[PDB]
């Protein structure tokens, strides 16, 4: 009985006009006593000559996670036996369990151990054995970079440091610059996550993120969840400009015209009718398990936590460490089929859209796993 819009005759996402650099997403982890905090500050400061934002000829939005493209652990040079042993270890596990494949490891404060190459190799090992042997990272996706947060090899090899006697690699900045971000996400099909929803004057207001694609004033947005649609009446991009469009990566505050408030809930993803987001009852996922009490049984009820959506699911086991299994215990990879107990929910593969395909699993109060969605059913 319903009748679709359709679209006007409007503009194309004219972002490229003002030569933009890819915005790469980082999470930066490490002990309080790794110079993690000094490293960032010193990057701000030196880029000062010439949520935390650094540009080079790429643009690095760094963020926190306790959905993003790469990562770096940083740590320090002291009597190294005991630590490595914080909960930077769990951070490393979480990032694997989620999408992340590429780390940069800032080896900080080598000046304090007189830029000794044997010390750099020693710690490269201890760290490589945890990130590679014990956690699933490939050797060729874990890059090591010596550093001194109190000015180092982060921006310019233009140090005549004793370090450049032996060290031939890039600066930290250049190591970051060599990590290839997703191609051109403002061009991929539109995915807009809904963080909040509330009534206004002649519009239901929604706020959220542009997860992929683009969106402009007077366009049609489709909500697969309520099977309803709307006209964009306003777009407030990042700041609060007189902006008229937004692109992948921008937070948005929209105003929607021909839709009622109750037909639009946080956790919904909106999109165009062209390549619409798919709502599904079940999906396939590569989860990875943490320190858990009882194991996850095939048929267990867990609470899935994606965006604003947290909902009850059942997990059926496909395979564990590549072998068939009747239980999934601590510190284990697993291919699983997860089914929503509460209806149809909208999502994407992690391939297509990290923030939409990375989730957490919890049991009662405890978090027990995290993973990426690999297939829709």
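Positions refer to the first chain, counted from 1.
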property: Between residue 66 and residue 67 - deposited residues without coordinates, as a size class; result: 4 to 9
property: Unmodelled stretch of the deposited sequence separating residue 50 from residue 51, binned as none, 1 to 3, 4 to 9 or 10 or more; result: 10 or more
property: 114-122 versus 282-290 - which carries the larger mean C-alpha B factor in the record; result: 114-122
property: Stretch exceeding the other in mean C-alpha B-factor - 51-59, 330-338; result: 51-59
property: Given 268, 211, 162, 196, the residue at which the Cα B factor reaches its maximum; result: 162
property: Residue, from 300, 139, 225, 106, that the PDB entry assigns the highest Cα B-factor; result: 139
property: Third of the chain, ranked by Cα B-factor, where residue 175 sits; result: middle
property: Residue 239 - Cα temperature factor, lowest/middle/highest third of chain; result: highest
property: Position of residue 86 among the chain's modelled residues by C-alpha B-factor, lowest, middle or highest third; result: highest
property: Chain thirds of CA B-factor: placement of residue 169; result: highest
property: Cα B factor band for residue 321 (lowest, middle or highest third within the chain); result: highest
